[PDB]
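Reckoned from all heavy atoms, side chains included, excluding hydrogens, waters and symmetry mates. Order of the sequence lines sets the chain letters (A, B, ...), proteins ahead of strands, with each chain counted from 1.
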Amino acid sequence: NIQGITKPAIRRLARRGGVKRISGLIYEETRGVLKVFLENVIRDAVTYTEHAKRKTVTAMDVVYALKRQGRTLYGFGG
Amino acid sequence: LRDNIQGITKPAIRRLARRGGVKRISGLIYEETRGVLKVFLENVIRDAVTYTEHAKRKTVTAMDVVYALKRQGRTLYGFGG
Amino acid sequence: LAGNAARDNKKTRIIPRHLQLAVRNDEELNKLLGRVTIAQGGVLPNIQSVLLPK
Amino acid sequence: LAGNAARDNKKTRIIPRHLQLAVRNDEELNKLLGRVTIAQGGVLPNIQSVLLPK
Amino acid sequence: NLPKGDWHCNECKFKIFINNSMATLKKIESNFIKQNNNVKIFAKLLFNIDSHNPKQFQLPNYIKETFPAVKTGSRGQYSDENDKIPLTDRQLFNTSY
Amino acid sequence: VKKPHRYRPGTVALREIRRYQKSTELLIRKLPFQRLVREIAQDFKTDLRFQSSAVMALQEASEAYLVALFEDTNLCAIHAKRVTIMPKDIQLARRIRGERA
Amino acid sequence: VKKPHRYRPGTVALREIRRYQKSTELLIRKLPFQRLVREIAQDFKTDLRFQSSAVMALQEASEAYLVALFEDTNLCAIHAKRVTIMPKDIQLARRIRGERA
DNA sequence: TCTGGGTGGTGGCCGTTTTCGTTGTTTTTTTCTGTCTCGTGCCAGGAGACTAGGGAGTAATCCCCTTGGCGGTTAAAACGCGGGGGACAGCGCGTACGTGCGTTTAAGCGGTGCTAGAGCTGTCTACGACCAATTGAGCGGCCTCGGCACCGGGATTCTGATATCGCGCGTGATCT
DNA sequence: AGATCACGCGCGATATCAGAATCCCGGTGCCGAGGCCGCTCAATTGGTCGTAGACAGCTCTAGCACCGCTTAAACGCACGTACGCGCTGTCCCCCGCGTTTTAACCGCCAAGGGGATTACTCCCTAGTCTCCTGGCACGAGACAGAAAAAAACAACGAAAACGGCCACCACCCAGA
């Protein structure tokens with residue numbers, strides 16, 4: 001499932017980041033980093049949804065979770 | 001007050017680097033560090049003086065500096081707050 | 001700034017890309033929205049010099 | 001942890017150095033106070049491996 | 001009363017007069033020596049003046065050293081033991097009342 | 001005789017950099033990322049539902065974070081006199097950012 | 001016919017690293033830093049007074065920030081297979097941190 | 001007249017310029033579709049007018065502490081000399097990404113169904129703000145003392161070189 | 001010529017001769033901490049009233065799920081080239097140690113600006129009732145922009161030509 005973050009997708013993300021040449025092992029490292037980031041954000045979002053006594057994670061929960069970590073996100077009813 | 005940035009002598013920057021775990025320091029590092037320190041102090045004292053002016057005080061109190069640092073994301077313990 | 005960017009793109013309606021361009025190109029706005037990510041904004045076209053062909 | 005650090009130094013009193021050691025040597029506490037400066041705290045003694053003699 | 005326009009130093013004039021290649025410089029300097037046979041003993045000394053910019057005269061160190069007392073100054077102010085050590089700005093401009 | 005038009009290595013990389021810095025669409029396929037988000041969440045709470053906008057916000061934040069991380073990684077690699085990003089570059093970028101201990 | 005006891009270059013540097021990571025006293029001299037603080041503040045409001053505690057707080061914050069910056073700088077210098085920190089290292093550290101644009 | 005050195009011309013090799021075809025991308029005109037913008041209607045939040053109370057403006061007093069200055073001590077900063085180790089430029093290898101073509105997988109889109117839970121509404125109760133009384137926990141201050149900072153003397157690494165001793169490699173001599 | 005033994009040279013390890021810096025052990029004076037005392041302000045006890053939140057019922061929106069096609073994208077494989085990495089050599093920049101100078105630091109004295117507090121008073125803000133019109137939701141319509149197909153053009157990579165540098169041959173000048 002984490003492997004659903006394919007090698008070409010990480011290549012595209014690196015390219016959008018201005019990366020010209022990518023090492024072979026960068027893909028597994030990037031998968032790990034993305035997993036850590038998603039773990040933090042989703043943990044905070046689920047905390048927010050639990051505190052609201054909801055079984056559905058709303059975009060507002062994600063926005064608040066991101067705002068908590070200093071990654072304010074615009075465009076989802078912030 | 002003129003040319004006080006040079007008061008941050010070369011040995012003082014050497015000591016700061018050593019506390020940072022630096023073994024060998026390039027000659028050009030001292031001027032760059034002085035510039036960085038000037039930028040940091042400008043950013044902090046600006047907010048400190050803003051707080052002082054809002055309180056209608058002529059004296060910059062340690063709590064103004066603490067508030068400024070906390071605002072910048074560098075919370076400082078040991079001076080109140 | 002966003003309408004300026006939209007004109008440069010020959011578009012009469014501001015989309016998130018134009019907002020991102022306006023914010024990031026401007027130094028002061030970019031500093032204000034330093035820790036902000038604009039959805040569907042992308043990034044400024046920027047390639048490091050050493051990566052360009054000789 | 002601060003008292004443990006003070007004991008390690010054969011000191012009855014906790015000083016800011018001991019608080020800094022306690023906070024920084026503990027993963028969770030150091031993460032809680034990641035963006036905090038402790039006056040007179042100092043730093044954790046560590047030297048990068050490559051800088052040591054062979 | 002400047003000549004104005006563009007002025008070249010002796011070195012650049014020689015650079016453009018020689019083209020920096022060695023064979024043409026040889027064809028020029030050997031000819032100079034040949035035409036100066038009367039003073040061939042001084043030939044190359046005469047030759048090398050043209051390629052040198054003007055230089056202020058100063059005694060080479062092998063003559064000043066003969067007298068330990070003497071010593072050059074900041075810009076050539078040729079000093080002796082009789083000249084007082086200059087005072088610093090700290091000793092004059094900062095001394096209090 | 002015959003010869004393919006193979007571009008010199010590093011040229012299509014530049015073309016892709018230009019193409020992907022000029023666009024804004026998300027670079028990770030929606031469905032795999034949604035499945036990943038659901039799997040990560042199921043650790044924290046069972047039988048969770050996600051608003052489509054919630055997953056979209058997660059994807060936008062994740063992609064922006066990864067792009068910024070790759071920018072810093074590229075800067076780190078160039079600092080090392082290299083052109084390729086390697087895992088140590090990501091590790092240094094994260095360590096300096098303050099993310100990784 | 002004897003030679004003095006010169007430590008090999010890099011030995012006294014390591015001794016100093018140990019000494020200054022062991023201690024906590026401020027490394028910048030107090031009066032020069034106070035004069036610098038007042039001079040910088042003179043550009044935001046004239047005839048300002050500073051509590052001694054205020055100057056001490058500024059000095060502690062600045063020294064801590066510089067020490068952290070030098071740690072990051074040393075990390076970048078080592079990343080480039082160097083042992084000496086150079087201004088490019090400080091610039092990269094600041095750029096990755098997000099301080100410098 | 002012969003040999004050597006230098007200049008001039010011709011030929012060969014290398015570098016640069018151009019010169020060309022090929023993909024990839026940009027531009028341009030046509031189509032068409034769905035979201036932006038405008039209008040309509042209702043309602044609920046803002047406005048208006050008015051009263052009450054106290055937060056804050058303002059003056060006066062005072063007592064801290066911030067500034068200034070001055071002298072003595074000496075710790076630290078500076079400047080210089082010297083050397084070596086580190087930066088870095090270069091070279092060579094090797095292999096590991098990149099580019100491209102083919103095959104495979106599953107993302108994506110459109111469509112329909114089901115129901116779970118998020119939202120809204122009504123009702124009710126009990127929890128918290130508010131108020132008054134009061135007394136006790138917390139704070140300022142003073143005193144006593146002992147934990148720790150200072151200084152001196154001593155033990156202990158320990159870092160760097162040289163040299164001695166041991167081990168290994170090379171050269172010479174002797175034996176087979 | 002090969003093997004063994006002895007001597008000489010080179011490299012590694014230990015010791016050591018030292019001497020340098022650090023840590024440790026002891027005595028000492030200190031001032032910073034812990035503690036006791038007194039006063040008072042803020043927290044606790046008791047009571048009220050009102051609205052905020054808990055709870056049940058209902059609605060229907062959105063999430064989930066499923067299916068089936070099509071087709072963009074991932075996966076896989078191969079050739080090779082160019083980038084990473086190791087090794088090496090050179091140069092000088094930076095570390096180290098030492099006089100020499102500077103000014104930081106301490107401490108002590110004198111002055112007063114301004115922080116901090118107190119008391120008075122009023123003007124500003126909360127609160128409330130009545131009024132209404134601005135902002136929101138819903139509906140609609142149409143044009144800005146997505147898409148798309150085709151042409152134009154604008155970046156990527158091979159052989160010929162021109163120019164520059166090197167080598168060889170011929171001619172001229174100089175020397176023998």
Nucleotide nearest [X] (side chain, heavy atoms from C-beta), chosen from [options]:
X	options	answer
D:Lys11	H:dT23, H:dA149, I:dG115	H:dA149
G:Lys81	I:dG157, I:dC85, H:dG85	I:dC85
E:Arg90	I:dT102, H:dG100, I:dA74	I:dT102
F:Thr11	I:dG157, H:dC148, I:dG84	I:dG157
F:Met86	I:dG63, I:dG84, H:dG98	I:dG84
B:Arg15	H:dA76, I:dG63, I:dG157	H:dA76

Note: for E:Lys34 and A:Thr6 on DNA chain I, the residue whose nearest nucleotide lies more 5' is A:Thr6
- [ ] Return the 5'-most residue of the pair F:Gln51, F:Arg82 with respect to DNA chain I, ranking by each residue's nearest nucleotide.
- [x]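 Here F:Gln51 is the residue nearer the 5' end.
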Calculate the interatomic distance between [X] atom [atom1] and [N] atom [atom2]; express it in whole Å.
X	N	atom1	atom2	result
A:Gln3	H:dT105	CD	P	17 Å
D:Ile14	H:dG147	CD1	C1'	14 Å
B:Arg24	H:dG83	CZ	P	17 Å
B:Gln6	H:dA78	CD	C1'	13 Å
G:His5	H:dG83	NE2	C1'	16 Å
A:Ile5	H:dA106	CD1	P	14 Å
A:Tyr27	I:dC75	OH	P	11 Å
A:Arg54	I:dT61	CZ	P	19 Å

Report which part of the nucleic acid [X] touches: base, sugar-phosphate, or nothing (heavy-atom distance under 4.0 Å, all strands).
X	answer
B:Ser26	sugar-phosphate
A:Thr58	nothing
F:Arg18	nothing

Side-chain N,O ([X]) to OP1/OP2 ([N]) below 4.0 Å:
X	N	result
A:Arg11	H:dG98	yes
G:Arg49	I:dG115	no
B:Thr59	I:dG113	no
G:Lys3	H:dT162	yes
G:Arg6	H:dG82	no
C:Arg13	H:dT35	no
G:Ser52	H:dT66	yes

Exercise for the section: Kindly check if the number of other-residue, nucleotide or ligand heavy atoms within 6.0 Å of CZ (F:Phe44) is above 12? Expected result: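 Enclosed: over 12 neighbouring heavy atoms sit under 6.0 Å from CZ of F:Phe44.
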For F:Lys30, does the NZ atom sit with more than 12 other heavy atoms under 6.0 Å from it, leaving out its own atoms?
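Counting neighbours around NZ of F:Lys30, 12 or fewer heavy atoms of other residues, nucleotides or ligands fall under 6.0 Å, so no.
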Numerically ordered, the residues 28-42 of chain G set in heavy-atom contact under 4.0 Å with DNA chain I is G:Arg29, G:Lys30, G:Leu31, G:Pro32, G:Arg35
With north for a positive and south for a negative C1'-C2'-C3'-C4' torsion, H:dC20 lands north
Does the plane of the ring in G:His79 sit parallel, tilted or perpendicular to the ring in F:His79? Use 30° and 60° as the thresholds.
parallel
- Return yes if some donor-acceptor pair links the side-chain N/O of F:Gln59 with the main-chain N/O of F:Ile28 below 3.5 Å, else return no. yes
* Asked: Distance-only, no hydrogens or angles: does the C:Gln20 side chain make a donor-acceptor pair with backbone N or O of C:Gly42 under 3.5 Å?
  ->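 Checking the backbone N and O of C:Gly42 against the side chain of C:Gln20, a donor-acceptor pair under 3.5 Å is found.
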For [N] versus [M], give the span between their [atom1] atoms, rounded off to a whole number of Å.
N	M	atom1	value
I:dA148	I:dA72	P	10 Å
I:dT90	I:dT16	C1'	37 Å
I:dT118	I:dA42	P	13 Å
I:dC156	H:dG98	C1'	16 Å

All heavy atoms of G:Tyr20 vs all of B:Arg15, minimum pair found to be OH-CD, 3.3 Å
If H:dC20 has a Watson-Crick or G-U wobble mate with both distances under 3.5 Å, name it; if not, just say none.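 Result: none.
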Checklist line | Nucleotide forming a Watson-Crick or wobble pair with I:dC136, both distances under 3.5 Å | finding: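 H:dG41 - that is the nucleotide pairing with I:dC136, both distances being under 3.5 Å.
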Margin query: If you apply the rule side chain to side chain contact (heavy atoms under 4.5 Å, CB included), what do you find for B:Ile8 with B:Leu37, and how did you get there?
Written below: CA-CA 9 Å; B:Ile8 315 295; B:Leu37 174 59; 3.7 Å; yes
*What about G:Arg8, does its side chain sit under 3.5 Å from the base of H:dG160 through a donor-acceptor pair?*
no
_Return whichever of F:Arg15 or G:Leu27 has its heavy-atom-nearest nucleotide of DNA chain H closer to the 5' end._
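The 5'-side residue here is F:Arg15.
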- Note: G:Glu25-B:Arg19 ion pair, threshold 4.0 Å (strictly below):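 B:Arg19 and G:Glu25: salt-bridged.
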- Going through the checks in order, is the side chain to side chain contact (heavy atoms under 4.5 Å, CB included) test met by G:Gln51 and B:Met63? CA-CA 10 Å; G:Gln51 288 191 340; B:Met63 278 298 332; over 6 Å; no
Taking the side chain as every heavy atom from C-beta outward, state whether F:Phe70 and F:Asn74 have any pair of such atoms under 4.5 Å apart.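 No - every pair of side-chain heavy atoms lies 4.5 Å or more apart.
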